[PDB]
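Visitor: first chunk of the complex, coordinates as they sit in the assembly:
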Amino acid sequence: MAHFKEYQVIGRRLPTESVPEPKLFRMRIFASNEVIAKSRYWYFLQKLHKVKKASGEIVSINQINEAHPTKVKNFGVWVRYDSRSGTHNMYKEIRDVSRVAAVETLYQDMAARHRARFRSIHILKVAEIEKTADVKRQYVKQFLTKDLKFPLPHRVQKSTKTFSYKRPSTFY
Amino acid sequence: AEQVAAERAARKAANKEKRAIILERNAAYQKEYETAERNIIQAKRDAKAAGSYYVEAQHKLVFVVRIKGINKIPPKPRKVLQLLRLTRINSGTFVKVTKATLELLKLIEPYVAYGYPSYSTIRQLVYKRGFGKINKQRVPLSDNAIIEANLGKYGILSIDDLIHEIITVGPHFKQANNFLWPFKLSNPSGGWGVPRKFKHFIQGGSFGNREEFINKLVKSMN
Amino acid sequence: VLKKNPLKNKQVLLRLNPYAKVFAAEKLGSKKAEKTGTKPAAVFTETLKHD
């Protein structure tokens, strides 16, 4: 929906005269801004507990800046999408840079083939695969060969004007 | 009388000390805001340093600006806008936050885009789009003597006095907000930023509560 | 007869808010703040990084 930013949200409910400071729950959520972040947390607590937006309070909002935003990490993520004729689960693995990048490239890819909008997709868990050769889907393991190399055939150059004079080639 | 040497000098003498009162009161104010954030930012630091979390008090006032036009409005929402002094498209007033007031907002969301404003936004709105009320007769604020002639018997002998109550929610705040004509704003300069304006801000639209994001939208209008 | 808004046209910004004169003299929009040595407690950081 935008340049995605992960968030953590902490909720303490409303302390009654009997049970103050009940649980101080927490959840990791994937959103674009703090305004939507404070709304997904309630949308996800109501599906698991007996508290709602009225009977609740946001304690703290924080952002987890990546410790290694430069290393090419490996990710395996589970998705639960409310499809046209029900819901289903998958295990899709992708590696762009990091979590916020992986979530972004997930949604376009997830909506590309399954036509599942942002409001019909559940993010189960995002974790980094520590040891190599622990991935099952072949299209990701395919790019882990030692000293991989391949060319880029059929290069197309970006014309500036509307006319060219030399019949440009497609070399690279 | 001659009216050439005595009254005019005294009139300037009375005027010159009034500015000193405004300046001295502003010096009191300017110390107050800096202590405000310096004590809530530091308290936020000390909560984490003590192993805890700090929840600040919710914002005590919101700026509500109409998004929808005038046609095709249901009767119950329409009466809400009239009581909110929100008549035209792109018109805004400062609304006190209260459970009594909050229920109207959640009933008028499809036609307003409100949120928590910041002192910078209020600073320009009062200065630029400042309109008084004297037997109706909406007139620009401009001078600092018109306000004391209309609010002096409720205190507030300066425009800086008025802008402090419109943000800090003073005791006599309702009529202080009611003294100001509804803020008539233009269309956003940089655009609304969304394809369709009538989706909720969570759903990628414009209407509904947007907390602190209203500051960016208002600055384009003002 | 005409509405001369504040901010621009400094003169109309001086008939209002006499504090605006000394505000520019001492900046107050670029004032330097004081730094501290209160690093957040170690019991908070792992909650931030926890899965």
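Guide: Looks like it arrived, so ask away. Numbering: from 1, shown residues only, chains lettered A, B, ... in the order given.

Visitor: secondary structure class for the residue nearest in space to the middle of chain A?
Guide: The residue lying closest to the centre of chain A (C-alpha atoms, centre = their mean) is residue A:103, at 1.6 Å. In three-state terms, and counting by DSSP: H, G, I helix; E, B strand; the rest coil, residue A:103 is helix.

Visitor: I'd guessed it sits against residue A:6; true?
Guide: Yes - look at residue A:103 against residue A:6 with C-beta atoms under 8 Å: they come within range, at 7.3 Å. (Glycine included, C-beta is placed from N, CA and C.)

Visitor: and for the two, which residues touch both?
Guide: Contact criterion C-beta atoms under 8 Å, 6 or more residues apart in numbering or on different chains; residues shared by residue A:103 and residue A:6: residue A:30.

Visitor: tell me which element the closest residue to chain A within chain C is part of?
Guide: Residue nearest to chain A within chain C (C-beta to the nearest C-beta): residue C:48, separated by 6.0 Å. Using DSSP states H and E, residue C:48 sits within helix C:42-49.

Visitor: what about residue 50, how many residues nearby?
Guide: You didn't pick a chain, so chain A it is. Residues within reach of residue A:50, counting by other C-beta atoms under 10 Å in any protein chain shown, total 8.

Visitor: look at chain C instead
Guide: 10.

Visitor: who's in contact with residue A:128?
Guide: Counted by C-beta under 8 Å, 6+ apart, residue A:128 has contacts A:73, A:74, A:75.

Visitor: what do you get for residue B:70?
Guide: Residue B:70 makes contact with B:88, B:89, according to C-beta under 8 Å, 6+ apart.

Visitor: chain C contacts on chain B?
Guide: Counting by C-beta under 8 Å from any C-beta of the partner chain, the residues of chain B close to chain C are B:19-20, B:22-23, B:26-27, B:30, B:38, B:42, B:45-46, B:48-51, B:124, B:127-128, B:140, B:142-144, B:158-160.

Visitor: burial of the nearest residue to residue B:86 once chain neighbours are set aside, as a residue count?
Guide: In this structure, residue B:86 finds its nearest non-sequential neighbour in residue B:66, 4.9 Å apart by C-beta to C-beta, 6 or more residues apart in numbering or on different chains. Residues near residue B:66, counting by other C-beta under 10 Å, number 24.

Visitor: hey, what's residue B:66 bridged with?
Guide: The partner list for residue B:66 in beta bridges (DSSP bridges) reads residue B:112.

Visitor: what distance do you get for it to residue B:39?
Guide: According to C-beta to C-beta, to the nearest Å, residue B:66 and residue B:39 sit 36 Å apart.

Visitor: residue B:81: neighbour count?
Guide: Using other C-beta under 10 Å, the number of residues around residue B:81 comes to 21.

Visitor: here's chain D, add it to the model above:
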Amino acid sequence: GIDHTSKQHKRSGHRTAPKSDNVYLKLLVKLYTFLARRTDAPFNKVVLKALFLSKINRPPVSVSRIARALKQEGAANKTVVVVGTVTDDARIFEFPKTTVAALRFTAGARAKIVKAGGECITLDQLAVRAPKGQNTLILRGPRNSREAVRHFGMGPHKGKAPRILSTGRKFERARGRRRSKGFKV
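Guide: If we add chain D to the chains shown above, we get the following:
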């Protein structure tokens, strides 16, 4: 556009100037608009407001009605002013001297007042004596005592004098007036 909480371009609904094309009457407005605008008294405003009325809203005041205002406690020497015509009443014998100011004094009023020691006064003469209306009493004639108001808004079980030309038997006492003939109203 602009949503309307009221009706736009509404008229005040009050008369800002008399409809009568009287050259002398406009002169009365001329004097009083100067006072009403400048004198900070409500006596000038109410006299000016009551002077733009029509004849129906300007009922004739019986000369005896003034007499009631004079044995009103504490108003023995108070001068009386009234906008409109003051008639005479053939049912009063005692009349205090006093001083009466009005627009048109009828022949009976012109005689009974002067013979008791009083003087008929025009609205201009009181202005040079009481610009703001010092020790001045205003009174209005009966308005709901007119013949036409007794017919207004009649309905069943209201008894408001239905409009009929000839009165007596065979005229509006049949079915709809007595229980024996059909129903009662």
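
Visitor: please reconsider the contacts of residue B:70 now that chain D is part of the model.
Guide: Neighbouring residues of residue B:70 by C-beta under 8 Å, 6+ apart: B:88, B:89, D:1, D:2, D:3.

Visitor: select only the buried ones of those residues in ChimeraX?
Guide: Listed next is the ChimeraX selection for buried residues among those, using 16 or more other C-beta atoms under 10 Å in any protein chain shown:
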select /B:88,89 /D:3
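
Visitor: okay if I get the contacts of residue B:70 as a markdown table plus distance to chain A and secondary structure?
Guide: What follows is the contacts of residue B:70, written out as a markdown table (distance: C-beta to the nearest C-beta, whole Å; DSSP: H, G, I helix; E, B strand; the rest coil):
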| residue | distance to chain A | secondary structure |
| --- | --- | --- |
| B:88 | 26 | coil |
| B:89 | 23 | coil |
| D:1 | 32 | coil |
| D:2 | 32 | coil |
| D:3 | 29 | coil |
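
Visitor: and which of the contacts of residue B:70 is nearest residue A:162?
Guide: Of all those, residue A:162 sits closest to residue B:89, with 42.8 Å by C-beta to C-beta.

Visitor: now the contacts of residue B:70 as a markdown table including distance to residue A:99?
Guide: Below are the contacts of residue B:70 laid out as a markdown table (distance: C-beta to C-beta, whole Å):
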| residue | distance to residue A:99 |
| --- | --- |
| B:88 | 45 |
| B:89 | 42 |
| D:1 | 50 |
| D:2 | 51 |
| D:3 | 49 |
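
Visitor: which single residue of chain D ends up nearest chain B?
Guide: In chain D, the residue that lies nearest chain B is residue D:3 (4.8 Å; C-beta to the nearest C-beta).

Visitor: so which bits of chain C are right by chain B?
Guide: Contacts of chain C with chain B, taken as C-beta under 8 Å from any C-beta, map to C:3-7, C:12-13, C:15-19, C:23, C:28, C:33, C:36, C:38-41, C:43-44.

Visitor: which ones among those lie within helices?
Guide: Counted as lying in helices by DSSP state H, out of those, are C:12, C:13, C:15, C:19, C:23, C:43, C:44.

Visitor: how deep is the third one tucked in, by neighbour count?
Guide: Per other C-beta under 10 Å, the neighbour tally for residue C:15 reads 14.

Visitor: ends of stretch B:102-113, how far apart?
Guide: Stretch B:102-113 has an end-to-end distance of 14 Å (C-alpha to C-alpha, to the nearest Å).

Visitor: the residue nearest to the centre of chain A against residue A:118, yeah?
Guide: No - contact between residue A:103 and residue A:118 fails when scored by C-beta under 8 Å: they sit 10.8 Å apart.

Visitor: which single helix of chain D contains the most residues?
Guide: As assigned by DSSP H, the longest helix anywhere in chain D is helix D:23-38.

Visitor: need the contact list for the residue of chain C at minimum distance from chain D.
Guide: Residue nearest to chain D within chain C: residue C:3 (20.7 Å; C-beta to the nearest C-beta). By C-beta under 8 Å, 6+ apart, the contact set of residue C:3 is B:140, B:142.

Visitor: build in chain E:
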Amino acid sequence: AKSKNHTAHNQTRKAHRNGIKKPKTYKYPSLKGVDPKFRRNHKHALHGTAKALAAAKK
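Guide: Putting chain E onto the chains we already have gives this:
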């Protein structure tokens, strides 16, 4: 030649154009329908205090 039977549309919109009047109660409301035995009291009760208030003040 069928016609429209009945419809309540625009009736509330028509009615609200004049504000819907409050029934505007007064001080000392009308005594119609009051118990006649108490009403016989109410006439005599005020009649007695009529002279009582008049005789007391002199």
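
Visitor: revisit the contacts of residue B:70 given that chain E is now included?
Guide: Residue B:70 makes contact with B:88, B:89, D:1, D:2, D:3, according to C-beta under 8 Å, 6+ apart.

Visitor: cutoff 10 Å now
Guide: The contact partners of residue B:70, by C-beta atoms under 10 Å, 6 or more residues apart in numbering or on different chains, come to B:78, B:81, B:87, B:88, B:89, B:111, D:1, D:2, D:3, D:4.

Visitor: what does chain D have sitting close to chain B?
Guide: For chain D, the contact set with chain B under C-beta under 10 Å from any C-beta of the partner chain comprises D:1, D:2, D:3, D:4, D:5.

Visitor: residue E:58 and residue E:49, how far apart?
Guide: For residue E:58, the distance to residue E:49 equals 16 Å [C-beta to C-beta].

Visitor: can you pull the contacts of the residue nearest in space to the middle of chain C?
Guide: For chain C, the residue sitting closest to the mean C-alpha position, by C-alpha atoms, centre = their mean, is residue C:29 at 4.7 Å. Residues in contact with residue C:29, defined by C-beta under 10 Å, 6+ apart, are residue C:23.

Visitor: between residue E:58 and residue E:49, tell me which one has more neighbours.
Guide: Taking neighbours as other C-beta under 10 Å, residue E:58 and residue E:49 compare with residue E:49 leading, 11 against 4.

Visitor: three-state assignment of that one?
Guide: Following three-state DSSP, we place residue E:49 in the helix state.

Visitor: could you give the number of residues near the residue of chain E found nearest chain A?
Guide: The nearest approach of chain E to chain A comes at residue E:12, 32.2 Å away (C-beta to the nearest C-beta). Close neighbours of residue E:12, defined as other C-beta under 10 Å, add up to 10.

Visitor: contacting residues for residue 35?
Guide: Using chain A. Shown in contact with residue A:35 (C-beta under 10 Å, 6+ apart): B:115, B:201, B:202, B:208, B:209, B:210, B:211, B:212, B:213.

Visitor: meant chain E, my bad for not saying
Guide: E:41, E:42.

Visitor: quick revisit: give me the element the residue of chain E closest to chain A is part of.
Guide: Per DSSP H and E: helix E:11-15 holds residue E:12.

Visitor: is that helix up against chain D anywhere?
Guide: No - Helix E:11-15 lies out of reach of chain D by C-beta under 10 Å from any C-beta, never closer than 15.0 Å.

Visitor: outside of that helix, which residues touch it?
Guide: With C-beta under 10 Å, 6+ apart, helix E:11-15 has contacts from B:75, E:20.

Visitor: that helix: which residues count as buried?
Guide: Within helix E:11-15, no residue counts as buried by 16+ other C-beta under 10 Å.

Visitor: next one: stretch D:168-178
Guide: For stretch D:168-178, the neighbour count (16+ other C-beta under 10 Å) marks no residue as buried.
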